[PDB]
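Asks: Starting off with a structure, shown below.
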Protein chains: 2
Amino acid sequence: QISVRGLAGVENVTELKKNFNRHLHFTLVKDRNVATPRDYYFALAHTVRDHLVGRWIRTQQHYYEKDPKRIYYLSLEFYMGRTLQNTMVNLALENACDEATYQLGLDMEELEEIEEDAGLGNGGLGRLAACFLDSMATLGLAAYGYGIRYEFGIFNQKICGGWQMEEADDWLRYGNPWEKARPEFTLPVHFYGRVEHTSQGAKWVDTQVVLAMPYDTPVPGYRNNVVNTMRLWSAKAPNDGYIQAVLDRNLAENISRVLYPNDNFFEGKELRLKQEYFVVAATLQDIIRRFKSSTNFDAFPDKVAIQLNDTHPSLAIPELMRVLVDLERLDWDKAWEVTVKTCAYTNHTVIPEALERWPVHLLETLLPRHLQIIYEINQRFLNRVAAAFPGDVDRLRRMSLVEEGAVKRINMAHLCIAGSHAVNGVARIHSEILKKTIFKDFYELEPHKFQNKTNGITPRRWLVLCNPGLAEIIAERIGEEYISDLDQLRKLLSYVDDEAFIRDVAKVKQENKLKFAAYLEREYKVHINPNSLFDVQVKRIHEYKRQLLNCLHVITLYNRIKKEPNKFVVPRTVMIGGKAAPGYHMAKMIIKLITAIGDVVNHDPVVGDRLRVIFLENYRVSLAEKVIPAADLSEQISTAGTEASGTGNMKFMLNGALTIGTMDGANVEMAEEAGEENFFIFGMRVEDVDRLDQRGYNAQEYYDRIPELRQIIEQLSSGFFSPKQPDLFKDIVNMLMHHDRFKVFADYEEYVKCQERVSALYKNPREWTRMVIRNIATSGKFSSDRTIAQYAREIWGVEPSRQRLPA
Amino acid sequence: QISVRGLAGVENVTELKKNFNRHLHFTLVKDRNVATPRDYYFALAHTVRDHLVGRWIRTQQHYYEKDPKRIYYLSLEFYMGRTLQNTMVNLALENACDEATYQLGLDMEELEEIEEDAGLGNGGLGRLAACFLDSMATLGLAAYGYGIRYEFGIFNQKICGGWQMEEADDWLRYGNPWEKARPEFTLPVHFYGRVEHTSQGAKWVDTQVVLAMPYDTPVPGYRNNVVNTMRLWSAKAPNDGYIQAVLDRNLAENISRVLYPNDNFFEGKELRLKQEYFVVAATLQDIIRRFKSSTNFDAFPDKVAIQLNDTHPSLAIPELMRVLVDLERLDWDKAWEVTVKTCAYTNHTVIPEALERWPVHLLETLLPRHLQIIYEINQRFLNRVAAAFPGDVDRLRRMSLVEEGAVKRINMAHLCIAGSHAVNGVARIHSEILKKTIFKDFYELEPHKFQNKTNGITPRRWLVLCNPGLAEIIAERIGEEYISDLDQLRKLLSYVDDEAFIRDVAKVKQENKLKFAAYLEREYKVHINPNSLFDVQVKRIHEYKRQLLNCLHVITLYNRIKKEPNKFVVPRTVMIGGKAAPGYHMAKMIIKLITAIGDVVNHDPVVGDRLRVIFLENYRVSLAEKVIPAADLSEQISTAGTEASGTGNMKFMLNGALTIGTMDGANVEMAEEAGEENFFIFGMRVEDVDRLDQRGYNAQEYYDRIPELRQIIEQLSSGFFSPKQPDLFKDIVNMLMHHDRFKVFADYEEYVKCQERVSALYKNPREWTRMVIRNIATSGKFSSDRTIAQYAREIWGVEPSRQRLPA
Ligand SMILES: O=C(NC(=O)c1cccc2ccccc12)N[C@@H]1O[C@H](CO)[C@@H](O)[C@H](O)[C@H]1O
Ligand SMILES: O=C(NC(=O)c1cccc2ccccc12)N[C@@H]1O[C@H](CO)[C@@H](O)[C@H](O)[C@H]1O
Ligand SMILES: O=c1[nH]cnc2c1ncn2[C@@H]1O[C@H](COP(=O)(O)O)[C@@H](O)[C@H]1O
Ligand SMILES: O=c1[nH]cnc2c1ncn2[C@@H]1O[C@H](COP(=O)(O)O)[C@@H](O)[C@H]1O
Ligand SMILES: *Cc1c(COP(=O)(O)O)cnc(C)c1O
Ligand SMILES: *Cc1c(COP(=O)(O)O)cnc(C)c1O
């Protein structure tokens with residue numbers, strides 16, 4: 001049906017049909033008489049998987065032969081989503097499989113919905129790693145993703161009486177056809193023990209052993225026949241009352257059991273530290289083995305790059321030192337040179353409570369050799385600081401890897417800067433803030449280390465896969481080459497005055513909204529007006545992301561309607577979705593508020609279908625692929641200086657939504673690319689937030705001066721949105737009035753006024769769509785292909801290539 | 001090469017080769033350049049598995065269509081061993097796969113050794129279930145094996161300094177190609193809670209739910225295209241700090257973690273009770289579902305038979321009652337009629353410490369509704385006893401299901417007799433003892449219930465598979481039909497004076513001994529003389545099995561050699577192997593003694609290669625398949641009245657070894673079949689043991705009267721076999737002298753004299769082999785095909801059939 005979905009050749013369709021029937025019979029052991037939709041999904045998945053295998057084997061064989069520099073991307077999170085459609089897209093199999101399944105009397109779309117998300121991440125950081133894997137494969141890099149195979153990913157979110165409930169994400173229950181267990185490549189990982197000093201160096205002895213078993217998942221590039229590997233480690237007990245000893249094996253295997261869902265506050269939990277070391281120790285053994293098959297470690301940095309996604313895998317730095325010094329017998333200075341040239345570190349937030357600061361007593365017990373190595377790193381680093389800034393004693397305490405106090409801690413961010421040749425932020429404004437504030441001292445010592453790499457998203461998943469209608473109307477005009485060269489979307493500016501294209505763009509959006517409106521009716525008991533403005537804020541629930549500011553506007557619109565019922569207002573469907581960390585009380589209260597607002601607003605007869613507030617349950621990659629194509633307005637309203645980049649913002653821009661946002665993270669670069677006139681910018685800049693911090697933020701001032709704001713707070717306090725429990729939202733009110741770190745009130749007025757300008761433009765469909773075209777056309781910078789090309793050239797020292805392997 | 005191994009057709013060989021290469025590439029994701037022997041094993045296993053699938057689907061479809069009476073064999077143990085060779089044998093694929101692999105440059109024998117045993121049983125009871133599955137499939141019965149998929153089977157046994165060490169049997173590490181997970185058929189199982197009495201009957205509420213996930217394994221019949229199912233349940237937690245709750249899922253999943261290895265003493269452990277109910281509750285839901293697809297429960301016993309392997313699944317009786325009464329709303333009397341007609345119970349030991357007697361307080365907490373049902377069963381049963389034997393108050397307390405005392409217990413054996421239409425022992429002498437002693441009262445009340453079903457072994461695994469050389473020389477003379485009709489071996493009596501056959505029989509044995517002698521050298525550091533008499537006792541270590549009596553003879557032979565070094569004695573290799581239950585101190589001491597004897601005997605220069613004592617490490621099904629074909633003498637020396645049947649005894653008889661044994665278990669019937677002159681019978685009969693118990697067993701008497709016995713005990717006491725720890729064996733000596741339940745000394749003299757007659761005959765190779773032929777020729781009764789045919793006709797009410805399905 002759709003040209004970008006590839007050719008449906010008669011031989012290809014015939015072959016897929018027979019291999020589908022083969023797997024149903026031999027692989028699933030099912031007859032057609034009792035087969036269910038799930039069985040049919042698995043037969044299709046196995047059929048598509050077969051097409052990956054030949055390419056996977058020859059790609060990996062090709063790397064062994066040519067011995068290029070290898071890129072190791074270390075992350076505790078890979079937020080992969082579903083794999084079936086992505087695989088079909090990247091192999092040019094989508095139309096063929098669609099035909100083959102139709103001929104067997106099946107709907108492929110229905111089968112696609114059966115696949116569980118691989119939800120092995122929390123949000124943006126996890127999803128960035130996933131987009132990065134796709135781009136590295138598309139750009140022909142010899143890249144490996146390394147992480148943990150969590151048995152349970154991010155929890156499934158149920159909403160019960162307006163409250164978030166958490167449910168185990170048993171994503172492996174029915175099996176994972178995409179992975180291949182490699183028990184033959186199991187490696188030992190050591191914990192605890194003690195350090196022994198011999199005449200012939202230090203020795204780590206009396207350790208407990210946990211085994212790391214790898215599972216490999218293929219990562220196909222876009223139509224280039226490159227298939228890279230994501231290797232995820234699973235924890236296993238070694239084989240050596242009897243019953244109790246066997247049952248206690250669970251203690252070791254708990255390491256890979258569950259993804260930590262806390263994305264707001266650093267908790268120094270021992271199990272988390274074990275997870276971090278587990279991935280690091282197993283991965284580094286693999287890296288070294290693969291390098292030794294190419295032993296002089298001078299060439300190590302020429303053959304290996306290690307990228308640390310946040311400080312989570314920071315133990316890579318002292319682990320590499322441990323192996324080089326203790327096991328390979330290299331002298332300290334040489335090992336350090338190798339380590340620094342090999343490692344690079346990416347930061348994802350300036351928020352202080354997010355920094356990993358591990359208690360010394362924990363490292364002492366768990367990793368005694370690593371603590372000794374960290375101390376030595378610190379001493380040598382501080383000697384260099386002292387020589388560069390003589391007599392500056394305050395600098396020495398500020399830059400130390402060891403933090404003093406009631407409990408001594410290791411600052412893992414400081415460790416990462418010292419042990420890496422490159423440190424990057426994830427958007428221009430973020431990287432600047434790093435140099436000006438949190439890492440200022442480090443920048444003054446080693447300016448050359450600090451870089452920017454503005455984030456991106458893969459246009460395969462985030463356009464072609466989730467929005468085929470838009471991909472097609474674009475391809476009709478400019479061809480298919482933009483899919484792997486997103487800059488070509490600029491050519492669409494020549495169609496901004498084209499009446500046919502304007503109509504098509506608006507048509508694709510309407511079709512997307514109808515489809516999502518129906519989806520909401522089918523799987524939930526909610527009806528929405530598809531003619532209304534789809535106002536969408538989807539992301540993890542955090543105070544800094546200011547879902548609360550959105551909530552205030554919603555109540556403002558409601559109150560205005562109650563004030564002047566017979567006045568025309570642009571109809572809106574306000575959709576807010578996202579998970580809250582299980583221990584984050586305030587975020588759980590915000591979810592409750594959103595549903596409570598909905599309960600009042602959605603049932604007021606005076607409102608009608610002019611305003612609807614829906615909380616989107618269980619927001620995850622697969623839901624993002626559904627809602628983002630349907631959005632008219634993208635809410636990106638974090639307090640200036642708090643959202644390092646954002647990536648959701650980029651997804652909306654590529655999919656035909658306009659953006660209301662602060663000048664924060666990548667929003668700044670987005671507005672720069674599209675033009676400020678084509679963006680709905682509001683609120684304080686970073687500098688304005690700084691000035692307000694100087695004199696001190698007083699929320700009472702805004703409450704006193706803005707009558708519409710006052711009414712809302714009084715409504716919250718009196719129990720208007722909670723009649724049975726009048727004081728339910730007292731915590732929220734208290735926070736807003738007395739200790740709001742994120743200055744919700746300070747941006748309220750400008751936010752509301754900006755929202756009026758949005759409504760004004762939506763009344764003129766032609767001008768809305770023309771602005772939309774201007775956004776889509778300039779979204780090319782935000783391809784992760786661009787991002788990865790910059791990492792490759794400026795950090796890893798490798799050249800990307802669009803050249804196809806023979807298959 | 002071998003005719004019984006089937007045809008190697010050119011098309012079949014070509015097809016197997018290409019499917020082997022297909023699986024290596026697509027299934028294992030390996031190139032030939034890095035493939036290991038293990039990879040090659042898996043590719044072969046998947047290729048052979050494909051040939052099962054079509055037959056498996058159509059067999060199960062055939063049962064759905066024809067709706068025959070279904071046989072459900074419930075066991076907590078299925079001691080399956082390896083599956084690859086058995087599958088090839090039963091599908092007539094062995095020669096074809098041998099050719100196909102040879103042409104690819106591989107040795108199939110080497111690949112076969114890579115497969116892990118499925119060691120989901122302890123010994124005889126577990127192995128009986130496995131032989132029974134094979135025979136039921138071969139006889140065309142609609143039979144299902146139901147059990148638990150233990151993550152860890154029977155422990156691997158390491159011998160360290162002469163002591164047994166236990167190691168986890170991680171048999172699933174590399175995956176199990178034979179099983180198919182069926183997560184779609186997961187069923188709930190309830191624990192704890194309380195009983196609520198409503199107007200509309202009893203209700204079991206507030207329970208904890210554990211999920212039962214089935215895994216199906218195919219069971220191929222011998223060349224009849226029948227493939228039955230073994231369904232094994234795996235425990236899973238339902239999906240509903242956050243981290244802790246996820247980690248605590250292990251508590252539920254512990255139910256299927258490990259096989260209980262205690263085969264000597266009943267321990268009322270809660271986890272064991274949970275295992276027993278788990279298998280029962282999940283299985284019964286399956287049985288009922290399948291029956292409802294054929295709701296009047298009058299026909300239930302006409303469509304369902306449930307066989308209880310020991311009392312381990314005895315909870316089937318009150319569970320069936322629970323479902324019929326509480327859920328289906330049948331009146332008590334009707335439900336009871338159905339239950340009794342459906343269930344049958346097999347007993348495996350008369351030893352009192354083996355009886356399952358569950359504390360009432362445990363059942364009260366865990367299964368409160370079942371305890372109520374058990375009480376009601378007991379009351380109604382005791383009312384019947386009272387009516388049949390009025391005024392016999394002693395009978396009432398003896399027959400009660402409830403046992404009185406400091407702690408109240410439920411006798412599960414009494415429950416099984418009350419709730420079953422048939423109760424059987426496993427050999428004629430055993431079944432008689434049941435009627436005369438332990439179940440006398442029950443036999444007087446319901447004589448019709450009590451039956452004998454003499455055990456058997458499958459001649460597929462225990463002749464064709466493990467001893468192809470013997471299978472071939474037999475087939476040359478009488479054809480191939482004996483393999484599924486073992487009675488035909490009687491035709492071999494006409495060859496007892498045939499010089500060619502005598503030579504062939506002796507040749508096959510010599511070749512088997514050379515092969516096993518080499519195996520011992522290759523995988524261990526032990527050399528043996530292949531010309532010596534191979535004297536073998538392999539079985540679990542128990543006091544009743546009297547490995548200690550064997551030990552006394554070995555020391556006797558050693559002492560005689562030291563006394564008269566220059567006198568000729570028939571050279572012997574004495575092999576003893578078997579695992580001891582981890583908590584069984586005495587059995588662990590016996591293993592230590594055996595190795596300690598070896599340390600002295602094997603290193604005495606005066607002895608030479610005339611006597612060797614070897615402990616066979618890690619005895620298990622795969623090792624049994626190697627050692628049994630190599631044996632000359634089979635030691636079956638339990639105290640008369642203690643070994644219910646034995647099955648190892650039958651394996652040796654079929655494989656060309658002569659038997660030294662007591663008149664115990666199936667030994668009696670074996671000697672009856674072969675002729676007493678062709679058996680080495682010694683020792684007390686049951687009646688003699690009884691008489692000795694009357695006057696009281698005094699071991700001191702034998703010590704005083706037998707100088708050779710006295711010398712041995714003094715050697716043990718003084719530290720002759722343990723110079724560093726002189727008192728190491730004081731526990732053994734103390735037991736032998738003062739509290740030996742099994743009367744080791746009483747049989748010593750007759751045992752030693754009998755062993756001299758064995759040595760005498762071995763000096764005459766021609767007459768040895770003629771006696772061997774007389775044994776093999778009369779071993780037909782001991783086929784499990786015969787056993788299963790008797791169960792089918794006399795208990796289950798179904799007719800067996802050798803008729804082949806179309807494939
Ligand atoms: O998702 C992020 N962090 C986590 O999920 C996270 C994961 C684990 C622990 C955390 C502790 C504190 C704060 C966050 C986490 N960070 C996001 O990274 C994206 C990719 O660079 C950025 O676009 C986004 O601004 C940032 O918040
Ligand atoms: O193996 C047996 N029992 C167990 O493994 C066993 C399994 C579990 C618990 C036990 C408790 C006490 C005694 C034995 C067990 N019994 C054997 O059953 C065979 C098959 O009928 C007989 O040939 C043999 O005589 C009997 O000992
Ligand atoms: O020793 C070797 N000889 C030939 N090829 C090898 C060897 N080692 C690795 N390879 C190839 O490199 C691929 C990936 O190796 P890995 O990166 O070490 O897992 C393998 O699948 C082989 O195709
Ligand atoms: O509802 C049905 N319609 C047609 N065949 C069925 C149906 N239910 C079961 N079967 C057949 O019976 C086989 C085994 O069913 P089970 O014994 O219930 O697992 C299935 O594989 C099918 O071939
Ligand atoms: C893109 C994405 C995110 C990141 O969104 P931000 O608005 O940048 O925080 C979080 N979760 C999912 C499922 C995503 O796809
Ligand atoms: C046959 C068998 C047994 C039973 O042997 P008995 O001598 O009858 O106790 C025990 N273990 C294995 C592995 C067997 O094959």
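Quick note on naming: the chains in the structure tokens go A, B, ... in the order shown, residues restart at 1 in each chain, and ligands are numbered from 1 in order of appearance.
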At a cut-off of 6 Å, list the chain B residues touching chain A, using only C-alpha atoms, as a list in words.

Replies: residues 167, 168, 239 and 240 of chain B

Asks: Write a file of the just-selected residues containing C-alpha atoms, as a CSV table (one decimal), in the first residue's frame.

Replies:
chain,number,residue,atom,x,y,z
B,167,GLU,CA,26.7,-29.9,43.9
B,168,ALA,CA,23.7,-28.2,42.3
B,239,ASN,CA,2.1,-10.0,38.7
B,240,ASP,CA,0.3,-8.1,41.5

Asks: Mind listing the strand (DSSP E or B) residues of stretch 287-523 of chain B, per DSSP on the backbone, as a VMD selection string?

Replies: chain B and resid 304 to 309 343 to 346 357 to 359 402 to 403 409 to 411 422 to 425 450 to 452 457

Asks: Export, as an mmCIF file, in the first residue's frame, the selected residues with N, CA, C and O atoms.

Replies:
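Result file follows (out20.cif):
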data_model
loop_
_atom_site.group_PDB
_atom_site.id
_atom_site.type_symbol
_atom_site.label_atom_id
_atom_site.label_comp_id
_atom_site.auth_asym_id
_atom_site.auth_seq_id
_atom_site.Cartn_x
_atom_site.Cartn_y
_atom_site.Cartn_z
ATOM 1 N N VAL B 304 -11.520 -41.193 32.771
ATOM 2 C CA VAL B 304 -10.326 -40.792 33.519
ATOM 3 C C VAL B 304 -9.850 -41.884 34.474
ATOM 4 O O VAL B 304 -10.640 -42.441 35.248
ATOM 5 N N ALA B 305 -8.555 -42.183 34.408
ATOM 6 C CA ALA B 305 -7.881 -42.949 35.454
ATOM 7 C C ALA B 305 -6.712 -42.132 35.998
ATOM 8 O O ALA B 305 -5.928 -41.577 35.226
ATOM 9 N N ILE B 306 -6.608 -42.059 37.324
ATOM 10 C CA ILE B 306 -5.490 -41.386 37.986
ATOM 11 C C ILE B 306 -4.679 -42.398 38.789
ATOM 12 O O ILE B 306 -5.206 -43.047 39.699
ATOM 13 N N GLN B 307 -3.405 -42.544 38.432
ATOM 14 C CA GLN B 307 -2.505 -43.443 39.138
ATOM 15 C C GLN B 307 -1.559 -42.639 40.017
ATOM 16 O O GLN B 307 -0.856 -41.749 39.540
ATOM 17 N N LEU B 308 -1.560 -42.956 41.305
ATOM 18 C CA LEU B 308 -0.731 -42.258 42.274
ATOM 19 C C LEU B 308 0.540 -43.057 42.514
ATOM 20 O O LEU B 308 0.497 -44.182 43.013
ATOM 21 N N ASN B 309 1.670 -42.484 42.111
ATOM 22 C CA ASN B 309 2.975 -43.094 42.320
ATOM 23 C C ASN B 309 3.432 -42.802 43.751
ATOM 24 O O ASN B 309 3.949 -41.717 44.038
ATOM 25 N N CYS B 343 -9.327 -43.218 41.194
ATOM 26 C CA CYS B 343 -7.979 -43.279 41.768
ATOM 27 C C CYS B 343 -7.463 -44.681 42.068
ATOM 28 O O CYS B 343 -8.229 -45.573 42.432
ATOM 29 N N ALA B 344 -6.153 -44.855 41.894
ATOM 30 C CA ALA B 344 -5.449 -46.079 42.267
ATOM 31 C C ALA B 344 -4.076 -45.730 42.834
ATOM 32 O O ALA B 344 -3.456 -44.729 42.440
ATOM 33 N N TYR B 345 -3.601 -46.563 43.750
ATOM 34 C CA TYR B 345 -2.422 -46.242 44.544
ATOM 35 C C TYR B 345 -1.396 -47.371 44.503
ATOM 36 O O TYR B 345 -1.731 -48.533 44.719
ATOM 37 N N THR B 346 -0.152 -47.003 44.210
ATOM 38 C CA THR B 346 0.976 -47.933 44.209
ATOM 39 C C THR B 346 1.914 -47.657 45.387
ATOM 40 O O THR B 346 2.382 -46.529 45.566
ATOM 41 N N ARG B 357 3.380 -39.102 57.083
ATOM 42 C CA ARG B 357 2.442 -38.853 58.165
ATOM 43 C C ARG B 357 2.509 -37.370 58.511
ATOM 44 O O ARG B 357 3.310 -36.954 59.339
ATOM 45 N N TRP B 358 1.674 -36.578 57.843
ATOM 46 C CA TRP B 358 1.730 -35.123 57.940
ATOM 47 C C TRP B 358 1.096 -34.613 59.236
ATOM 48 O O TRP B 358 -0.033 -34.993 59.552
ATOM 49 N N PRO B 359 1.818 -33.746 59.981
ATOM 50 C CA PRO B 359 1.250 -33.095 61.166
ATOM 51 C C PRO B 359 -0.013 -32.324 60.810
ATOM 52 O O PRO B 359 -0.035 -31.587 59.821
ATOM 53 N N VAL B 402 -6.399 -40.566 60.937
ATOM 54 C CA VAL B 402 -5.851 -39.667 61.943
ATOM 55 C C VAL B 402 -5.112 -40.475 63.004
ATOM 56 O O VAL B 402 -5.698 -41.340 63.659
ATOM 57 N N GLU B 403 -3.825 -40.187 63.168
ATOM 58 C CA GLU B 403 -3.020 -40.834 64.199
ATOM 59 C C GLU B 403 -2.880 -39.948 65.435
ATOM 60 O O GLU B 403 -2.562 -38.759 65.333
ATOM 61 N N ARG B 409 -1.267 -36.619 63.489
ATOM 62 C CA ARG B 409 -0.814 -36.748 62.100
ATOM 63 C C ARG B 409 -1.875 -37.385 61.211
ATOM 64 O O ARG B 409 -2.726 -38.135 61.690
ATOM 65 N N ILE B 410 -1.811 -37.087 59.915
ATOM 66 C CA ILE B 410 -2.628 -37.782 58.928
ATOM 67 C C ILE B 410 -1.774 -38.839 58.233
ATOM 68 O O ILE B 410 -0.714 -38.523 57.695
ATOM 69 N N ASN B 411 -2.225 -40.089 58.259
ATOM 70 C CA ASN B 411 -1.544 -41.166 57.549
ATOM 71 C C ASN B 411 -1.979 -41.172 56.076
ATOM 72 O O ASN B 411 -3.109 -41.538 55.758
ATOM 73 N N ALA B 422 -8.076 -49.529 43.749
ATOM 74 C CA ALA B 422 -6.991 -50.503 43.626
ATOM 75 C C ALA B 422 -5.748 -50.044 44.362
ATOM 76 O O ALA B 422 -5.368 -48.865 44.298
ATOM 77 N N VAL B 423 -5.135 -50.983 45.077
ATOM 78 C CA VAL B 423 -3.875 -50.766 45.767
ATOM 79 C C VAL B 423 -2.954 -51.892 45.329
ATOM 80 O O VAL B 423 -3.312 -53.071 45.427
ATOM 81 N N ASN B 424 -1.779 -51.543 44.821
ATOM 82 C CA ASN B 424 -0.839 -52.572 44.402
ATOM 83 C C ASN B 424 0.549 -52.439 45.000
ATOM 84 O O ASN B 424 1.045 -51.332 45.221
ATOM 85 N N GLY B 425 1.159 -53.589 45.265
ATOM 86 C CA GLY B 425 2.590 -53.676 45.502
ATOM 87 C C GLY B 425 3.304 -53.933 44.185
ATOM 88 O O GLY B 425 2.669 -54.117 43.142
ATOM 89 N N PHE B 450 -6.811 -55.131 46.702
ATOM 90 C CA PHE B 450 -5.390 -55.433 46.749
ATOM 91 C C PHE B 450 -4.906 -56.296 45.585
ATOM 92 O O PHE B 450 -5.422 -57.387 45.337
ATOM 93 N N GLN B 451 -3.904 -55.772 44.878
ATOM 94 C CA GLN B 451 -3.349 -56.412 43.688
ATOM 95 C C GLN B 451 -1.825 -56.433 43.724
ATOM 96 O O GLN B 451 -1.206 -55.745 44.536
ATOM 97 N N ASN B 452 -1.237 -57.236 42.840
ATOM 98 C CA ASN B 452 0.188 -57.186 42.545
ATOM 99 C C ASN B 452 0.403 -56.710 41.116
ATOM 100 O O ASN B 452 -0.326 -57.113 40.209
ATOM 101 N N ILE B 457 11.183 -53.034 33.308
ATOM 102 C CA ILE B 457 12.040 -51.998 32.730
ATOM 103 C C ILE B 457 11.822 -51.986 31.227
ATOM 104 O O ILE B 457 11.433 -53.001 30.642
#

Asks: With DSSP run on the backbone, what are the alpha helix (DSSP H) residues within stretch 586-717 of chain B? I'd like them as a ChimeraX atom specification.

Replies: /B:586-601,621-627,648-654,667-674,686-695,699-705,707-717

Asks: Name the residues, by chain letter and number, that sit within 10 Å of ligand 3 using only C-alpha atoms and all ligand atoms, and give them as a count of residues only.

Replies: 31

Asks: List all protein, DNA and RNA residues that have any atom at most 9 Å from ligand 1, counting only C-alpha atoms and all ligand atoms, and write the list as a PyMOL selection string.

Replies: chain A and resi 76-77+121-129+260-267+309-310+312+346-349+351+353-356+425-427+430+454-456+540+642-649+665-666
